[PDB]
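Cβ: placed from backbone, ideal geometry, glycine included. Neighbour counts: every protein chain shown. Please treat every number below as a calculation from the coordinates, not as lab data.
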Ligand SMILES: CN(CC(=O)O)C(N)=O
Ligand SMILES: CN(CC(=O)O)C(N)=O
């Protein structure tokens, strides 16, 4: 007979990514929230809140995943395909597996985990209509309430242990920087260098952590037109001497993202290029000093925009000055409170980890046409910000010969 | 606060994946569906449905995207950070760019593409709550109705251009195969082996295809207990001879997924493992003979289950026998009306592309503990099915000496 749910407690639970106290403290806070709002349970569906509160980063493949938090339990809800793996990772009190063998066994693992509730916490910014229709009909009485906004402002501030991991990741993003430069060669295709820098960083992650999963780490190396978009995919484009290049290296550790992005030039850079690179570096140096406790996001933006207006390129600009770090990727995560944009009145506090990442982009046509961008990570402390990114920027270094 | 929407026509339109006629055929069948439903526009927000229809595969990083499809238009809605890259990919009539500079500019660009509707068709299995509440507030006069079910069933039957694409990708997965075998040494870490395979594949895609974007292509290469869930993340475990191994190699080409998966051993396989591999290989060669037009998914599950039950192992199956190919990856797509599951009664039809990947998994400590899995892809045609997976399976060849 084909059961709807099981348990697969296979092999031993791994050494987790953060201490037990770290997890206990995040799970404590979130429950002080539930309790304050008379929310019986949270059901998380998103990669990044599952990961943040239990150390399990799931693989969706178009199956649903869940983490159900009550005052007493933390229960991960995985697919039978994953075997014992979700259980050996979860920092929580249980793991219930659902199977393929009937439709919507997932909502039976859920109702298993949380047999009754008058008020349930869901991620409005992540749960879809069909799944919400589903969950509401397993609990027609419950009130379903957002929790995502309250949990994002709790992830907005980093722990010390979070800061140490973001330091190690910025050290690795530094190594993938150096392996970009080594690989970098006239007539090199973009994908050769991106393979090279990827292997250099997976291989340092493997090195620094023992019970580490090696996932999703990547490199975007962009050249010539392909620098016109800060997330444009790797292409077969051969690098020529003098072309504008963009180095972007992203170690992914345990769901934790860090980045190194850097304008570079092979052999030379022309003076129409050098002079726009030197305006972009001047706004980057300025924003470094603007990252301080007590600074409001909105104001950092307007302060910085005056520099680009002084130089007649403010229109070249393409995206916010910086965002928040933490557990996020290109496909999950990101604390929307946390963005360096013209209408975000958020004040920086100690503990936050923000980037500084000015960009200008000049279309094809214009002298110096191409994307320029430099990206550092700062940790907000007492007294200022500690910039953790040590690879050099700007023309004094990044014209490679 | 500076503009909200703009256009960037930067550079030239790339050479698309498919033929213009392939994109005209897809958008003509979508429009015949919307007009028969009297739905004024579809708004797609999913990776898969935007890729399917317009050949633009976006990078979220926590920004929303759209494809708005009318009887006359196809407009993509991409963020200012990507500059010109969306428009160069979009097989459509317009691209509109929204900026970061004020909140929910994205909505301002959709109301720009689609100034008035009465009934707008959206994806319930993808769209989130919060966005759906913002959309509805834009268009209070308008009925939001699901199109993702209509679209999945359209996607389910591939054209011949899609077939030839999926042959290409299975060829390159057979190249990623042989690089696993190249790389396999005693006491090789999992990650090294993954890295050597996926470099093999990146470079193959980059030969074959022109105008191609090199993204997402991975390997899972699992040893010992890490073979206990098919989607399990590379670790730094080293391979011992005799360990049970799993090779899984996934070329990701223009949003088109294919995969090779094979049990293998280095130098020898115990008795207990051999016995269990030969069962799983037996159920695989039966599943290959059941895949044919007319067949029900339900009857296929339930015949192979009889085989496994004859070897008293059925209780060790972990997931469905296989699924539908097309535009998907680990983080998007998958045609849920296409699954080789016990209660699914879709009938296979020519042009479907499915897998056959039986698995059993025995928990540590039982004799022949580990995960066993073979995985081929089959094109369904008018007479049977063509199996595109050419790498060998079973012990005759996958005991690597
Ligand atoms: C993450 N990304 C920034 C953004 O999406 O705002 C970068 N660094 O290009
Ligand atoms: C995609 N995955 C199959 C599934 O999720 O059912 C692989 N082949 O292991």
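Worth a mention:
- Simple label model, 7 Å out from Cα along Cβ direction - residue A:303 to residue A:29, nm: 2.5
- Taking one quarter of the surface of the C-alpha convex hull of the range A:227-317 gives a mean projected area of 8.1 nm².
- Quarter of Cα convex hull surface for the range A:1-64, i.e. mean projection, nm²: 6.6
- Average other protein chain Cβ within 10 Å of Cβ, residues A:6-12: 4
- If you take the alpha carbon atoms of the range A:97-200 and fit the smallest convex hull around them, that volume is 208 Å³ per residue.
- Per-pair calculated FRET efficiency, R0 = 30 Å: residue B:153 and residue B:118 via Cβ, rounded to 0.05: 0.75
- Taking the fewest neighbouring Cβ atoms within 10 Å as the starting point, the ordered list for B:376, A:146 is A:146, B:376.
- Considering the range A:152-287, its Cα convex hull presents a mean projected area of 9.4 nm².
- Angle between chain A longest axis and helix A:20-37 axis [Cα atoms, degrees, rounded to 10]: 70
- The base-10 log of I(q)/I(0) for chain B, evaluated at q = 0.07, 0.09 Å⁻¹, reads -0.37, -0.60 [Debye formula, identical scatterers on Cα atoms, solvent excluded].
- DSSP bridge analysis restricted to the protein assembly as shown gives an antiparallel fraction near 75%, rounded to the nearest 5.
- Ellipsoid fit via the Cα gyration tensor, the range A:293-360: semi-axes of 22, 15, 9 Å, each the root of five times an eigenvalue, largest first.
- Order by protection proxy (mean Cβ within 10 Å, highest first), peptides A:269-277, B:53-61: B:53-61, A:269-277
- The share of alpha-carbon pairs in the range A:254-401 lying farther apart than 28 Å comes to 19%.
- When you restrict to C-alpha pairs under 8 Å that are six or more residues apart and normalise by the size of the range B:12-72, the relative contact order lands at 36 percent.
- Length gained when the stretch residue A:387-residue A:145 is fully extended (0.36 nm per residue, less Cα-Cα span): 83.3 nm
- When peptides A:245-257, A:228-240 are sorted by average Cβ neighbour count within 10 Å, with the highest value leading, the order is A:245-257, A:228-240.
- DSSP bridge pairs, chain A: antiparallel proportion in percent, nearest 5: 75
- In the range A:1-155, the ratio of gyration radius to Kirkwood radius, Rg to Rh, stands at 0.94 when only Cα atoms are counted.
- Helix A:297-309 vs. chain A, principal-axis angle (Cα, 0 to 90°, nearest 10): 20
- For the protein assembly as shown, convex hull of alpha carbons as volume per residue, Å³: 147
- Annotation for residue A:285 and residue B:36: the two label points, set 7 Å from Cα along the Cα-Cβ direction, are 6.5 nm apart.
- Annotation: the residues B:283, B:97, B:14, sorted from fewest to most other C-beta atoms within 10 Å of their own C-beta, follow the order B:14, B:97, B:283.
- From the largest down, the range B:213-278 spans 45, 26, 20 angstrom on the principal axes of its Cα atoms.
- Sorted by Cβ density within 10 Å, fewest first, the residues A:107, B:325: A:107, B:325
- Between the helical axis of A:129-138 and the longest alpha-carbon principal axis of chain A there is an angle of about 20 degrees.
- Fully extending the segment from residue B:271 to residue B:2 would add 89.8 nm, taking 0.36 nm per residue of separation and subtracting the current Cα-Cα distance.
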